[PDB]
Structure formats: structure tokens, C-alpha cells
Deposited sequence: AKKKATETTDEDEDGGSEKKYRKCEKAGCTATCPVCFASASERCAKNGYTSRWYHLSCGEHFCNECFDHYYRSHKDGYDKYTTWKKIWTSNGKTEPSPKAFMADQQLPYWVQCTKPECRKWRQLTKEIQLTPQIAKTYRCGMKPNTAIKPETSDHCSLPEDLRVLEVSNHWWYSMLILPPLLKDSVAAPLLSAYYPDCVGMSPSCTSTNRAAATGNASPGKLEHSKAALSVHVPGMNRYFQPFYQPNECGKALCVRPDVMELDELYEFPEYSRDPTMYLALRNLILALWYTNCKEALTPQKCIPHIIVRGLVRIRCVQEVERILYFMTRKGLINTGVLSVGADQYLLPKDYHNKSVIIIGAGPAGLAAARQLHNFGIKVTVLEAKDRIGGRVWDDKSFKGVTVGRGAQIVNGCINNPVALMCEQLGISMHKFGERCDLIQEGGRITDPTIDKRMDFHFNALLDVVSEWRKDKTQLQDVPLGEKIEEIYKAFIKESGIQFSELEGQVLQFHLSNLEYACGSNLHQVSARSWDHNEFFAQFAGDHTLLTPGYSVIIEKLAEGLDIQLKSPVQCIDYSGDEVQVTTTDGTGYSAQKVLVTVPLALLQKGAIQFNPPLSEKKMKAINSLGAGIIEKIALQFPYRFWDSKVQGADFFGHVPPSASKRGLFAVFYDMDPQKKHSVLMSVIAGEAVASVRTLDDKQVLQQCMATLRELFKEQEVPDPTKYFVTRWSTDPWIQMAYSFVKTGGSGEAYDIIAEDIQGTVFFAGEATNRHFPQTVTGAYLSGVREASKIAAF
């Protein structure tokens, strides 16, 4: 036969291929062979070692055949001698852990790389074990080759990771389809101790779950950033999935390259490319706020992004969830941030009262709707605090004291949802200019249904239907006659947060205060003018104090944008003003009442809340739901909500008059017994708080969900916008406001 000195592959850069396997007694070593098999520009094996495993009469055949059976039953990747070599025989490479050295070294071929070796390796030391004379030695010349893109081009098979920390979460997938080795026995074997709200990965063919990622498909922004993985995403996916698994395994500390590296176990020079790449992917996912986020804090020179991204200054207007999320992100990235807040406190529509004995009572937000993958649940895990999952039970108690039979509750809910289904059908072919108020469409459909069907409802059934109507006015923050029939539920077209609905028992203020800790926050500093006509943005407060930065982030409430309280120079565009004015500034108010004892326990029997059947439509929304504010059933605090048309009715009532109406309502709801006087209470006035004037946004008649995106659009890469009224997928909530701030910090840090 004819022998060859050179590699089989045209264009391979190895002038002298050497065999890494040396498995056969006739291994060609560094000389001639019938074929030099190419794995990479730095790695080859001779035909004698190929046959050692491949041919049925050679000594390596039993090992190759046993591997082969495991490979083909567990994965979708073809078996071959090359795949076998890369998975089983190619030597490992590891970095010196001396911080001033970090040189790559090849381990001898029988040394199995472990995390422990990757954490403790030093040049010249026996693995798993002097001076530092061996650190000075040059790296093998093949190491530098790996950093070029053409090296990856010439790598014939994608790497497959071993014992990935992501593997227990990915058992429904073929391992090689997510970049993991099919021969790995721990890969192919709820991560215990991981928070059950952390479900980072979609199961196969799954959708409809907010913030899950497909472990087997790259997203578009990943492809824009890493287009070299468009053809074969295997290697990128394994590193991204590993990073997510590690972050959600320990979300209380910054995830760094050095923490990831011992968990990257794969043979060959390609491990060098994997380690170089994991660092780039880490910075990308950090900037996007997918890891290293929440209430994580850093010190100086422990910034989360390298000093490149640091070269900016930012003024943030408003210190609510959105403003503080952006400030925490940007500060952690190493960017200079100043927060200007109009009020004498931080938090915005997060404002907790800590003066009720034994409980924390939000004047503003206190519920989390859907905890799975929710950043609020992440931050609770980081802070070690607990939430209370709501029970389903909610008796509808009538004035006079009767409890509504639950079959009436369900029946009238059935009828109410049927009306919304007709609206859903009616709108399928309607343009924005053909929009109709939801409340008007509902009332029309209902009257037509009574006429057509002839059905006769009791007075109680009609009042219970009014209750279900009031729940939707509560969710929208408005009487439905101002809400768009086309677009009221626009956001439900996107994946929503799954899982538990909870009461944030310790209060969102705990999270707000931790986000803000250590930041440069200026209270009682209402911004009056933002001028971005110069080289730097000029921000002036109402007392004439001037601030300047390269970029500015506006997070003020939608109602304050509608009233134009900040003057912009140049002015906001006509298109931006139309979007701003197409959304509604929804409103609810709250009352909280402390009592000497839990007078409701005998009748309510531990339920988290009870409903209040409205006696007339004129009273829809007036204290419709009462919340028991102690899930441990020890303290006696109720909270109730004023929603819909009821908000206008309490506008000209002072607090004592509201309290009096609420106590008259409670004594009607508990007419058969005595109700004690309250000993402490508050009544909120969000609608007249000058710097807020609302509770949460909704889409007004004629508007579109697209308005949320338009408000979110930056101006000139210089003026950015966040807040709950800028989050199209997740409007209204603390969660969506938080995510909007993280989003804007990502935009700002990219420049």
C-alpha cells in the first residue's frame, strides 16, 4: 500500500500530523500511514489506530463496539471511529489555575479531566495532586490556533459536553441535540434543591410559558450575536444551557468564567474554544439580564461586564421598579448611574406600610401573578423570603349575610366568559378605527342574549354577574366603557408567566430597597426638563438643579407622560405622543383595616379572601374583594379594593367617610354577627398623588398593544423609556416594569 506524510484534508494547517491515539502497536506515531485521519488542525490519528478499533479482528474492537451500541441508542449522531476518538480517546487540555499564568496544557492520555483538576491544576504538577518554574514554558503551538475562526471551520465534529449540570433538566431531549455526549452515564441517567419556580427550559414541543428558552434552538438575538453557530448550534446551545443551569443553581452570587470552566468537560483542543466561547456568551447573557441579575450586588472591580462596556454615564428618572432595575443593572455592569426621584421616597407604586402589628401591608402592589421564571421569584430566592400561594376558595358574600351558593358563582362566571367569547369572535375582522368600548359591546351582547334565549335570572344571579364584571374592571383599572374591545387582552397573545399566584407577604418594598442599596439616588428631585440637543443630555429639576449625562432613561408613569409634566427638547414625536395617548391610565385604590380580633374566621373558614356581591350596578367595584392579610391566620388585618366606577365615587369622600362606607359594608356582609370597630386603617389616594396619578395601564378604545412598543422605542440612542406602560408582553405589573428596566439597561450597555 501507499503511505502519506500529510493530513487527508486539503488545506489542513498541520505540516506534521502526529497520532494522539497510539493505541495500535503499529501506530505510525509521527511518520507515514495509509491515511492521516483529521479531527482538527491540531489532532490526527493514523490508519493503524483507526483499524485498532474499527476492524473486527483487532484488540480495540470490543471497546469500540460497546461504545457504538450506547451511542446509537442514546443519541441521533452517527457512530464512527472519529466520533469515538473525540468522545473517548482524545487527550484533555486544562488551564493553569495560577492567576498570573492561565496557560493551556495537554494532560497525558489516561488522565480523566474532572472539575477538581480544572480547579486546582498548575503547570508541571501531577494532576489531582512545588515551585512555578514550569509556568514559564511556552504553550503548545496548537493552542493559539484555536482562537481563530478558521480553526472552528476545520473542526470536523461539534464538541459534546460531559456531565453537564444542565443534563438533569434535559432528559426529554436527545443529548447530542443539546450538545451533550450520548455516552455520558450521568447525562443519560426537578434538580433537587433548585427552586421549583426555576424552569428555564421548554420541554419538547412546549410553548406558552414566559421566559422559558428552547434548549435545542437558538433565539434570533443569539444568532445575530453569534452567527457562526447558525449552521450547527450544538456547541453554543450546550454552553448557554450550562450557564443557565449554573445561574439557577446558585443565583446568590455572580456567575463568572472561572466558575463555569470546571463544569466544561470535553476532550481535545476544542475545550479551549469552549472555554473562550463560554466567556463571550456569559457577557452577552449578563448584558441581557438573563443571568447575574435580580438583587445581586458587586463591589468595585468586581463589575459584571469588562471595562469596555463601562464608558458611559446615565441619568435615570424615577425610582420605582423599572428605574431601580435599570440602575442596579447598570451599576453592576460598571456604568455611572444617577437616579432622580420626584418623591421623598423610592418605590413608586410599590409603597409598603410597616406599622400594622405582625404583617406588612402594601398600599400599592403586593401580588405576584405567575411565579415560574418570574424575576420577582428569583429575587425572593436571593433574599431568602417567602411568598404565599393563594387558595382557590372565594365565597361571594351578599349584603345581609347570605353566602352565595358556589354553583351560582360558577354559572354566572360561565355566562360572563361566554360574552367575552362573542367579543373575541366579533373583533376578528375589525380595524382600530372600527373599535368599540368593551363595556358597550358586552352590554349589547348580553341584552341580545336575554332577548334571544328568554332566560330569566334571579336578582342574585344578576348581582353575581355584576361581581364578575367588576373583576374585569379591577384587572383593567377602568370601567369597561373606556377599555378597547379589540385590544383589552392583547398581551395574552404572548407567553404568560405560569405557576403560582402569590401574596408577596413581606412586601415588594424589601426587593425595592435591596435594588436601590448603595446607589446614587436623589430624592425630592422632580425632573422638569430633559434637553438632549447637545453633546450631553441636560436634566433640570423643578428647583433649577442641573444634572448631565451621556444618556437618560425615563421611567415616569404613563399618566405623567400624558400630562407632559417633563418638557423634552427636542419634543417627543407626534407618533410617540399618539401611542402615549392611546393607552389608559388605569386606577384602583386600596383600604386596609386592623381589628382587635379575626371576627371573620367562623364564617370565612381560612380562605385567603372573600367576595362582596354588589347590591346594585351603581355599587360595582366598591370593596368587591376582601383580603385576609395574614396567611398564618394570627393577626387581624383586612385589605379591600376600590375599582371601576367606584373610584370616582370615593374621590370626593375623605378618608373617614371611605372607612365608614367600608365598615357599613362589612357589617352588612356579617349582618348575623358583631363586627368590631377598626383600630387602624389607611385609604390610598394614588389617583391624586401628583407624580403617579394611576395604578396601571390598559389599552383604550381605538388603541393597540403596539403602543407599548412605540413608547419603549429609544430616541437617537440617547433617550430611553422604561416602565410598566412600556412592556408589551407584561404590562401593568411590577414584574413587567422590572423587566422593562433590565431591557433598557441592556440597550444602554450595548453602545
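Q: Relative to the deposited sequence numbered from 1, which residue ranges are unmodelled?
A: Unmodelled stretches, in sequence order: 1 to 17, 147 to 150, 211 to 231.
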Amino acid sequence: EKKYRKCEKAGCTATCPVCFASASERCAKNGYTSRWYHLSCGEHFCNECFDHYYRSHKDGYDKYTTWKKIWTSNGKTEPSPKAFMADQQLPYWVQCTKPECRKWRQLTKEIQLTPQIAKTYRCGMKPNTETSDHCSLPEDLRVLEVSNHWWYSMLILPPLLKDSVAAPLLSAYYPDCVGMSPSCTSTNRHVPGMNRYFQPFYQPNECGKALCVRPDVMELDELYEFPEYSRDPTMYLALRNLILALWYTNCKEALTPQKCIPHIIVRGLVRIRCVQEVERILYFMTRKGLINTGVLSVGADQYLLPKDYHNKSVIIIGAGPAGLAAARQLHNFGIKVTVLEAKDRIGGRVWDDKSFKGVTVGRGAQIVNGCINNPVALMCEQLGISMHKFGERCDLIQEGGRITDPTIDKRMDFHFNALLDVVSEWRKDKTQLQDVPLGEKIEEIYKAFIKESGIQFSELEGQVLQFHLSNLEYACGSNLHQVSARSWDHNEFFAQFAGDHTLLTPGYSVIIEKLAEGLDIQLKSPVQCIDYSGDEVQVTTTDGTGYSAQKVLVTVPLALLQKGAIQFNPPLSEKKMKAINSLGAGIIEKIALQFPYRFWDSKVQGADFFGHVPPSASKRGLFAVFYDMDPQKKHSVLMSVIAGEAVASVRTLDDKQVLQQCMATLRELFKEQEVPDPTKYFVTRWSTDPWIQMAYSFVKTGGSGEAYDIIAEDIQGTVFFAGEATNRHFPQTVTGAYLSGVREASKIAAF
From here on, numbers count along this sequence of modelled residues.
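Throughout, rigid core stands for the largest set of C-alpha atoms superposing within 1.5 Å between the two forms.
Q: Core-aligned, RMS over all structures and residues: is 87 to 95 or 587 to 595 the stretch with the greater C-alpha displacement in 9 other deposited structures of this protein?
A: Once the core is superposed, the stretch further away in 9 other deposited structures of this protein is 87 to 95.
Q: Fit on the core, then compare CA atoms: does 229 to 237 or 361 to 369 lie farther from this form in 9 other deposited structures of this protein?
A: Clearly, after the core fit, the stretch farther away in 9 other deposited structures of this protein is 229 to 237.
Q: So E130 is built in this one, but is it left out in a third or more of the other compared PDB entries that include its neighbours?
A: Counting only entries that model residues on both sides, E130 is unresolved in at least a third of them.
Q: Would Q605 be found without coordinates in at least a third of the other compared entries?
A: That residue is present in all of the other compared entries.
Q: Mean C-alpha B-factor higher for 257 to 265, or for 427 to 435?
A: Looking at the record's C-alpha B-factors, the answer is 427 to 435.
Q: Comparing 731 to 739 with 12 to 20, which stretch shows the greater average C-alpha B-factor in the deposited entry?
A: In the deposited entry, the stretch with the higher C-alpha B-factor mean is 12 to 20.
Q: Tell me, please, which of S636, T404, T679, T360 has the highest C-alpha B factor according to the deposited entry?
A: Of the options given, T404 has the highest CA B-factor in the PDB entry.
Q: Highest Cα B-factor in the deposition, which of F609, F356, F467, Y446?
A: Out of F609, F356, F467, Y446, the record gives the largest C-alpha B-factor to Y446.
Q: Please say which third, lowest, middle or highest, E392 falls into when its CA temperature factor is compared across its chain.
A: CA B-factor rank for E392: highest third.
Q: Place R685 in the lowest, middle or highest third of its chain's C-alpha B-factors, as listed in the PDB entry.
A: Lowest third - that is where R685 ends up once the chain's C-alpha B-factors are sorted.
Q: Can you tell me which third, lowest, middle or highest, the CA B-factor of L239 falls into for its chain?
A: Answer is lowest: the recorded C-alpha B-factor places it there.
Q: Name the third of the chain's ranked CA B-factors that contains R280, choosing lowest, middle or highest.
A: Lowest third.
Q: Going by the recorded CA B-factors, say which third of the chain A725 sits in, lowest, middle or highest.
A: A725: CA B-factor falls in the lowest third of its chain.
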